[PDB]
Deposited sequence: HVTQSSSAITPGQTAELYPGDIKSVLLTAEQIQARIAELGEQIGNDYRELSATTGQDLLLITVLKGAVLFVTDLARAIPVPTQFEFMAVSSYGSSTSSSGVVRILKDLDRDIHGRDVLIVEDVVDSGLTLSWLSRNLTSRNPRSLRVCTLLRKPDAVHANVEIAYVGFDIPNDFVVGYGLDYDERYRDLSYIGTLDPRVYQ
């Protein structure tokens, strides 16, 4: 056991995503454009979240993945052009907002019809900064959490729940 405590249980998470699904599914239930809602996720923290979210949204949703390295270095771009598409960014953790800031700028330059953000977790300097997120799963404290996509050196991702890693 390397988990200090369980922050968000698997039952809580699945219950919240079901709520997010309908909230999203009714902001996007009209179709008019003839094109499905596009979910864009950066590998690979929100992979667990986007697979559950897409199944929880009661409207047709399509998948788009991105792989980005650091020196803002694109290691795998979008498969198709998102021009005139309704795009929903699916993140796992928004803390400083730097990651979201870069991604949103990059996607907006591709000229989408709309662009909104859906993160599973939001830390407490993301609330002080008053970032603009359309959909927030949970408001968590500023402690390093793992599980449900989140990781520490590529581990604990397979956890059905979200717990806090013990500061050794």
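Within the chain's deposited sequence, the coordinate-free stretches run 1-19, 50-51, 93-101, 199-201 in sequence order.
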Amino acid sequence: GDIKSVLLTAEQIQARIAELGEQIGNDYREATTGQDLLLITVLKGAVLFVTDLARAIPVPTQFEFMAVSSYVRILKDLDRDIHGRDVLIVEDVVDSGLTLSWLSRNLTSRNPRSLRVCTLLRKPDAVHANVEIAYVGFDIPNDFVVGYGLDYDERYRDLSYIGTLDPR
From here on, numbers count along this sequence of modelled residues.
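For the pair 60-68 and 137-145, the mean Cα B-factor is higher in 137-145. Per-stretch averaging of Cα B factors for 98-106 and 44-52 places 98-106 on top. Sort the chain's modelled residues by C-alpha temperature factor and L88 lands in the middle third, per the entry. Ranked by Cα temperature factor within the chain, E22 sits in the highest third according to the deposited record. Placement of the Cα temperature factor of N111 within the chain: middle third of the modelled residues, per the deposited record. When the modelled residues of the chain are ordered by their C-alpha B factor, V117 lands in the middle third.
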